[PDB]
Amino acid sequence: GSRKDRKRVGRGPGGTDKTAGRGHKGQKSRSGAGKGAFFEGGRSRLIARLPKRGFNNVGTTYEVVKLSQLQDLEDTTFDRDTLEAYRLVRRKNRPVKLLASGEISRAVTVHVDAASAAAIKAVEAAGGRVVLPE
Amino acid sequence: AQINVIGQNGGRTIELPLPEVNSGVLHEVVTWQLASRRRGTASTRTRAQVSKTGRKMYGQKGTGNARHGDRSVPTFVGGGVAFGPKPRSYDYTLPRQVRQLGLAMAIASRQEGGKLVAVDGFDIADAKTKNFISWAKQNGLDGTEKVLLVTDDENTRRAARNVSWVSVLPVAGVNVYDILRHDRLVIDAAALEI
Amino acid sequence: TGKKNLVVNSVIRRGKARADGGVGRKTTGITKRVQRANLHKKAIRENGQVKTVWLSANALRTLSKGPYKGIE
Amino acid sequence: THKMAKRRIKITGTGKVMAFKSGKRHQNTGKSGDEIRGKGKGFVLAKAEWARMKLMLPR
Amino acid sequence: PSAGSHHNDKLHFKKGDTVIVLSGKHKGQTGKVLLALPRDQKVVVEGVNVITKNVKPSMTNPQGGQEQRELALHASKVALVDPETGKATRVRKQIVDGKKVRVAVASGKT
RNA sequence: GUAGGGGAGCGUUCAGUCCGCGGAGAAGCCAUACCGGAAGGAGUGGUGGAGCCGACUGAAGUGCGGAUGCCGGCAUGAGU
RNA sequence: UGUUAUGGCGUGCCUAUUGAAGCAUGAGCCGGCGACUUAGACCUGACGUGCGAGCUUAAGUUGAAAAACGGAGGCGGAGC
RNA sequence: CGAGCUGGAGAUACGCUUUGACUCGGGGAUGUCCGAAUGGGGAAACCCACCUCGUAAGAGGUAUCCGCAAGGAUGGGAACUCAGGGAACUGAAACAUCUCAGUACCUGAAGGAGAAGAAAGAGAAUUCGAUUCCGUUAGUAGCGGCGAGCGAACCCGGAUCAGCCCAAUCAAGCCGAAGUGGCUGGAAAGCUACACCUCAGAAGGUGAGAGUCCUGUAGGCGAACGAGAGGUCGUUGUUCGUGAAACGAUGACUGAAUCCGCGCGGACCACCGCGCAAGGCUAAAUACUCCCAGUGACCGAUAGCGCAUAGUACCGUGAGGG
Ligand SMILES: [K+]
Ligand SMILES: [K+]
Ligand SMILES: [K+]
Ligand SMILES: [Mg+2]
Ligand SMILES: [Mg+2]
Ligand SMILES: [Mg+2]
Ligand SMILES: [Mg+2]
Ligand SMILES: [Mg+2]
Ligand SMILES: [Mg+2]
Ligand SMILES: [Mg+2]
Ligand SMILES: [Mg+2]
Ligand SMILES: [Mg+2]
Ligand SMILES: [Mg+2]
Ligand SMILES: [Mg+2]
Ligand SMILES: [Mg+2]
Ligand SMILES: [Mg+2]
Ligand SMILES: [Mg+2]
Ligand SMILES: [Mg+2]
Ligand SMILES: [Mg+2]
Ligand SMILES: [Mg+2]
Ligand SMILES: [Mg+2]
Ligand SMILES: [Mg+2]
Ligand SMILES: [Mg+2]
Ligand SMILES: [Mg+2]
Ligand SMILES: [Mg+2]
Ligand SMILES: [Mg+2]
Ligand SMILES: [Mg+2]
Ligand SMILES: [Mg+2]
Ligand SMILES: [Mg+2]
Ligand SMILES: [Mg+2]
Ligand code: NA
Ligand code: NA
Ligand code: NA
Ligand code: NA
Ligand code: NA
Ligand code: NA
Ligand code: NA
Ligand code: NA
């Protein structure tokens, strides 16, 4: 038992020791020692000198709801805004968006916060109604 | 598939974890467990600042046959330690699903040999201890192999004090290390069980 | 020291370049970054008996108009 | 370094450098034709590695 | 350097109780208690006899010789015996003096 | 085959577990012509006078010829 | 096995270097001490394991010869 | 508490002890001299006074800063807390900002904790609702020779959760189950054959390894009685470096209103929304550790504190080192 209990045969491998190797002189030869401030960033080595700026904003990010999630499987247990948390679309703090990806005819009803044109001309086209906040 | 010794009779409940017990799986577990036990203890003046010593010494160039600055450095008999033991933790949180699976697989390991259960211990009757042993002698519990009792009820524990025979485990505080530590196992109560 | 509350204790002093220009210049370079302090003035005033202590100009102007726990 | 955030090197699907053209744009310009309207895309298969390592996490 | 502190610095006997030697030398041999030293756990009993020699440099007529003296022991005894063997006296009681307690095992005669 | 990368292992201390050894005597030290592909391991004897191998697993203050290295002891220069 | 005569052969060690027995560096000898560590739910990759289109908690609470509770939150899930 | 005691002290002599010696707790009484040192002086542990009470001895008082008085304070503390004042190396592979960093040091004040605190707030939901700390938000928003690099807060979870008052069981200690023979041995607690206890199989000692020999542990008992405004100018804080730069704070000049009122909501204005200063106090959750107990994949003396005691010997005029 507790003595015949082995390992995963390939889980934890021995650590790398630098003391003793009958030919080990760790690190480079010269210019590498008790100095850990070389870095790989900076501002002259492939970084800066580049000509950008743009403008940072970041406003509202929506939650993609793949059409195949509503349709295809499931048996329409109503979307709403609470029972949909169990449809593997739990995020909170942000609105919900409906997007069209799955192509299949089925009459379902959708209650999100915003939706795409195509999605609206995809759900109603097969039976249903997408309801948006007033 | 283990039948209760005193009282009812079932044992067909509780599904057994596949495959037929896996060593490594218990490995990961015990290791984690003993790891959460190790205490943070490291009496070492790794720091050269932590030991008692000045900062200046002999002249850089001149004296000859020297070249040192303080007397607290690792190269000095009496100084600090280079990369010594610091007081740390080493307590992580092995994924729950895996801890649940652990003891399941442990009991599993005990369901293919030394498995034993019991409902109600009216046979105990106060501390006494003596009649407890006498009892064991009627349950294959010679006192040759190590055993673990995981049952509630104070009065029953109170009557259970020895080293090689059995072992007391309050409020079903099961633990893969414990069960796998002792040979036989005595679940007794069906609290956590079924 | 003054009379009312604590005084002195002063801050630093900055010095820039290219003052003004054609509606916003390039930028402002700081060059100074040194640190100084501020002193005060006293006066002969008494309270209850014969005193002199200290009297800031502010508290002087304020005291002359209204005797807030004291008198000229 | 926050600079990397507004610098052409965004995180794409695959994970490579989004660059433009740093040939000549503002100051100093007034020769050639479409060399100015050449604000396309850039990609390097030798400095991606050592570049995304200051923005890969904050994708 | 510790010594005798391992016990609570109390003796389980007095300086006039007959005791026997359990383990060591003079097994079964009994005698009376002369010196009882609680701290150092030392006990003098007319049993363990050791022929020592007192060195007297210049103390008015030296005349060196081997005198007869006793050697102390630790808890290497058994205080109080009645059935002719050692015992673990505990049971306390009283006869006419309620201020003091007594001892015994399965008998009562200590 | 140098820098360098990759792989399999030896050894030491602590820890859990198991099998145990010890006054007819542990560890340590000392000798040796035996064993293993290496790190190493073992038998016997001598010394010693209390504790300690092997296996498996976990963790490191883990392996020294060098640094005009640190401490300590003892040499050479000389019976000068 | 030990020791020894004779024959053949034979340019200390390390370091640093295009190049060392070097008349380049270090070092009297032995013993002991003495150098790639630790931390940050950090970042990235290999391997292994538990779950799996979902996967996990942190502070803490209650219990500690044992551990469970705790889903504020983070990562998947759509990009431009 | 129940026989011993007569300090580390190895020795000798004289002695104290059932009228309970020592030892262990807990209150008192004596405490020269110096030291905040405070009668005065003073190169500390010395020198010199006066007054009062008196049988000489002797005792008592005699400093300064607040008060009618009582009383309290100038002192000392390893670390921790707040405050006044405030670096540089270093980094930017140079260096002026900025970082280092309000770090180190200095100083003042106070406690067993402090700070802070009962909204002229945060914030954008017409919301939460003293403060602090922890998790998270997040390394986002944002700052920056826009370089090096620096870096919040709201929501939510959790530790703990109170707002009331002015001006107009742990320390002594006792009790406490259960073994004899034979054998190797210098000596067994080991081997061996039987037996017992077990609300006690923690541990230490005892000639060696130890349930039943000792001290103890589980458990039980346990005292006399001892604790529990705005603005201008110069600048600064917060993520905020003069930038569109609000707001708080402050030095110098000035100087508003109060009910169809005042401040604020990142110049400014209207709308809208939140909130009412210029008065104070206030457990807990938090920090640290001289001291004590327990514990350790902590050391076992070239380690571990510097010290298996010593800040000693030793070095220095000294701080200081050791
Ligand atoms: K290697
Ligand atoms: K070498
Ligand atoms: K993987
Ligand atoms: Mg080198
Ligand atoms: Mg080179
Ligand atoms: Mg360095
Ligand atoms: Mg950097
Ligand atoms: Mg360059
Ligand atoms: Mg020399
Ligand atoms: Mg040391
Ligand atoms: Mg264009
Ligand atoms: Mg011995
Ligand atoms: Mg080392
Ligand atoms: Mg050497
Ligand atoms: Mg030389
Ligand atoms: Mg030497
Ligand atoms: Mg001569
Ligand atoms: Mg000569
Ligand atoms: Mg000569
Ligand atoms: Mg050669
Ligand atoms: Mg030569
Ligand atoms: Mg040479
Ligand atoms: Mg040279
Ligand atoms: Mg005086
Ligand atoms: Mg300041
Ligand atoms: Mg600037
Ligand atoms: Mg500033
Ligand atoms: Mg203002
Ligand atoms: Mg030492
Ligand atoms: Mg030594
Ligand atoms: Na993008
Ligand atoms: Na431009
Ligand atoms: Na050998
Ligand atoms: Na006593
Ligand atoms: Na620099
Ligand atoms: Na201070
Ligand atoms: Na201003
Ligand atoms: Na030694």
# chains A, B, ... in the order shown; residues from 1 in each chain; ligands from 1

call {"tool": "residues_around", "arguments": {"residues": "residue 67 in chain G", "least_positions_apart": "3", "cutoff": "10 Å", "atoms": "only C-alpha atoms (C1' of nucleotides)", "output": "PyMOL selection string"}}
result
(chain B and resi 172-175) or (chain G and resi 63-64)

call {"tool": "residues_near_ligand", "arguments": {"ligand": "ligand 3", "cutoff": "10 Å", "atoms": "only C-alpha atoms (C1' of nucleotides) and all ligand atoms", "output": "number ranges by chain"}}
result
G: 46-49

call {"tool": "write_last_selection", "arguments": {"atoms": "C-alpha atoms (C1' of nucleotides)", "output": "PDB file, in the first residue's frame"}}
result
ATOM      1  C1'   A G  46       6.961  20.544 -21.610  1.00  0.00           C
ATOM      2  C1'   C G  47       5.135  16.440 -18.745  1.00  0.00           C
ATOM      3  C1'   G G  48       1.368  14.264 -15.472  1.00  0.00           C
ATOM      4  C1'   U G  49      -3.299  13.956 -13.333  1.00  0.00           C
TER       5        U G  49
END

call {"tool": "interface_residues", "arguments": {"of": "chain D", "to": "chain G", "cutoff": "9 Å", "atoms": "only C-alpha atoms (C1' of nucleotides)", "output": "PyMOL selection string"}}
result
chain D and resi 13+53+56-57

call {"tool": "interface_residues", "arguments": {"of": "chain H", "to": "chain C", "cutoff": "12 Å", "atoms": "only C-alpha atoms (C1' of nucleotides)", "output": "list in words"}}
result
residues 84, 85, 86, 96, 97, 98, 145, 234, 235, 236, 237, 241, 242, 243, 244, 249, 250, 251, 252, 253, 254 and 255 of chain H

call {"tool": "atom_distance", "arguments": {"atom1": "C1' of residue 23 in chain F", "atom2": "CA of residue 43 in chain E"}}
result
27.7 Å

call {"tool": "closest_atom_pairs", "arguments": {"of": "chain H", "to": "chain B", "cutoff": "7 Å", "atoms": "only C-alpha atoms (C1' of nucleotides)", "output": "Markdown table"}}
result
| residue | atom | partner | partner_atom | distance |
| --- | --- | --- | --- | --- |
| H:198 | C1' | B:129 | CA | 6.2 |
| H:199 | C1' | B:158 | CA | 6.1 |
| H:201 | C1' | B:162 | CA | 5.2 |
| H:296 | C1' | B:41 | CA | 6.2 |
| H:297 | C1' | B:38 | CA | 6.9 |
| H:298 | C1' | B:43 | CA | 5.3 |
| H:302 | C1' | B:77 | CA | 5.7 |
| H:306 | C1' | B:52 | CA | 6.5 |

call {"tool": "write_last_selection", "arguments": {"atoms": "C-alpha atoms (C1' of nucleotides)", "output": "PDB file, in the first residue's frame"}}
result
ATOM      1  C1'   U H 198      -6.873   0.916  30.253  1.00  0.00           C
ATOM      2  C1'   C H 199     -12.823   8.296  31.004  1.00  0.00           C
ATOM      3  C1'   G H 201      -0.458   3.583  24.882  1.00  0.00           C
ATOM      4  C1'   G H 296       8.581  21.996  14.279  1.00  0.00           C
ATOM      5  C1'   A H 297      10.128  16.855   7.030  1.00  0.00           C
ATOM      6  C1'   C H 298      14.574  24.034  12.877  1.00  0.00           C
ATOM      7  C1'   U H 302      33.066  26.009  12.016  1.00  0.00           C
ATOM      8  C1'   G H 306      27.369  37.129  19.246  1.00  0.00           C
TER       9        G H 306
END

call {"tool": "select_by_dssp", "arguments": {"residues": "chain D", "states": "helix (DSSP H, G or I)", "output": "JSON, numbers by chain"}}
result
{"D": [2, 3, 4, 5, 6, 49, 50, 51, 52]}

call {"tool": "write_last_selection", "arguments": {"atoms": "N, CA, C and O atoms", "output": "short mmCIF file (atom, residue, chain, number, x, y, z; two decimals), in the first residue's frame"}}
result
data_model
loop_
_atom_site.label_atom_id
_atom_site.label_comp_id
_atom_site.auth_asym_id
_atom_site.auth_seq_id
_atom_site.Cartn_x
_atom_site.Cartn_y
_atom_site.Cartn_z
N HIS D 2 2.86 50.16 -20.59
CA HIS D 2 1.61 50.62 -21.16
C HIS D 2 1.76 51.13 -22.59
O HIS D 2 0.81 51.07 -23.36
N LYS D 3 2.93 51.60 -22.98
CA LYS D 3 3.08 52.04 -24.37
C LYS D 3 2.59 50.98 -25.37
O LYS D 3 1.81 51.27 -26.28
N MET D 4 3.05 49.74 -25.18
CA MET D 4 2.69 48.62 -26.04
C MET D 4 1.18 48.53 -26.36
O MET D 4 0.80 47.93 -27.37
N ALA D 5 0.33 49.13 -25.51
CA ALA D 5 -1.13 49.05 -25.68
C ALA D 5 -1.62 49.80 -26.90
O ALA D 5 -2.57 49.36 -27.55
N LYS D 6 -1.00 50.93 -27.23
CA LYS D 6 -1.42 51.76 -28.39
C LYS D 6 -0.45 51.65 -29.57
O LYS D 6 -0.44 52.46 -30.50
N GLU D 49 7.75 36.61 -31.34
CA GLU D 49 8.06 36.03 -30.04
C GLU D 49 8.43 37.14 -29.05
O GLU D 49 7.72 37.43 -28.07
N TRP D 50 9.54 37.80 -29.34
CA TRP D 50 10.14 38.73 -28.41
C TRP D 50 9.36 40.06 -28.35
O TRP D 50 9.95 41.10 -28.07
N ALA D 51 8.06 40.02 -28.61
CA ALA D 51 7.26 41.25 -28.81
C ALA D 51 5.93 41.15 -28.13
O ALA D 51 5.48 42.07 -27.44
N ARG D 52 5.28 40.02 -28.34
CA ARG D 52 4.00 39.76 -27.72
C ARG D 52 4.20 39.49 -26.23
O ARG D 52 3.23 39.45 -25.49
#
